[PDB]
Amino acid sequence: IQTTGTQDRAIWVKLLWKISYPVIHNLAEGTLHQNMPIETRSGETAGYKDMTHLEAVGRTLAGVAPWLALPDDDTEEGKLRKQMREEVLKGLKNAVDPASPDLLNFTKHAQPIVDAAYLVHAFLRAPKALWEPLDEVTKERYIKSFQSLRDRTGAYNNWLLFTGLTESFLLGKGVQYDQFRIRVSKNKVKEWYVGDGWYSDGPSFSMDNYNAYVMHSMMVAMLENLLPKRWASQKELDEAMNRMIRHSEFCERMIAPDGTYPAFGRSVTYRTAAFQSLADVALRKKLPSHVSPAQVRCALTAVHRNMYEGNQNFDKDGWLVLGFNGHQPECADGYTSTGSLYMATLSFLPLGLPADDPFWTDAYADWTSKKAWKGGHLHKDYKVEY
């Protein structure tokens, strides 16, 4: 029994709302610090307290932004989009308001480097919906907030993209940016490419979801910012773009016939963020020839329902819990807390395609593994050299 693309879209909307609205509405009401849980594996909240809310806000907005970039209309979904966008804009104003209880932390610890970069990515996926409407004083505060990060740093790995993307955003805004951060993060990430659509997360190859969590989406987004200033070439952007496209094939292929996907590597608590590269490629209308938009929609539909339709991944008040499919704090990394979990929005990027795009209107289609395992047509795969 299949669903239609229009039914699938409605499901995604319900599920994305279920994930993100607690974060967005509390931020808008100024009650995010007050109400969000701070669940950690250890149970300690010290330290986590200073960073988890920027984690929730940046990671949530990074995933809902394409949806909120769509032009307004009077349809039912269009009303939901308008409402969430208004609450987001209200929370974004609070988040840098010194009188707001939800003033977010940018000045302390290395962690905000990460989450500022996901916030920046939201601004890049929806400039006209989420950045341009901000009043000038709010805009200037975000500029200074991003510039204040430069006295700290994180690991020698995918973290280079966080500070690289942030500076590339500042460059795109015509404000003062750090050329060193832009240059070394680009070249380093290029040196870390190991083949067949995969980078190493730092000097050693890591078989995990971090290529989807950080590397492809942000390498591409950063290079796009750098092209007009000639800080990167079209060749470099096409290169990173095609490596993301290739990576998305493996990620669509690892969705099983039952709609599950393997749990592997660190930060498994990010759940369907493991599909951000497939979600980004779908949003950009760049799926490879043999991988239909419908089959990606349907594959990610099954995964979305498998992980967010029931309440196994949510607490009594609708917040995400530590775990994978269930309350499983034993798989949370020591650096993870409740706000970290909002990477979960990053598979919902194709809601930034309009409701009349083929991704949402083509008929249901089995995905690769589902075809493979019932004897259907199974396209030949092969590693690439670019």
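Note that residue numbering begins at 1 and tracks the sequence as displayed.
- For the pair 225 to 233 and 108 to 116, the mean B factor over Cα atoms is greater in 225 to 233.
- The stretch 79 to 87 shows the higher mean C-alpha B-factor when 79 to 87 is compared against 245 to 253 in the entry.
- Among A99, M215, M207, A155, the highest C-alpha B-factor recorded in the PDB entry belongs to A99.
- Of the residues listed, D74, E191, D201, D196, the entry assigns the biggest Cα temperature factor to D74.
- Compared with the other modelled residues of the chain, the Cα B-factor recorded for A279 ranks in the lowest third.
- Ranked against the other modelled residues of its chain, the C-alpha B-factor of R150 as given in the entry falls in the lowest third.
- The deposited CA B-factor of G326 belongs to the lowest third of values across its chain.
- Among the modelled residues of its chain, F348 has a C-alpha B-factor that falls in the lowest third, as given in the PDB entry.
- When all modelled residues of the chain are sorted by CA temperature factor, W159 is found within the lowest third.
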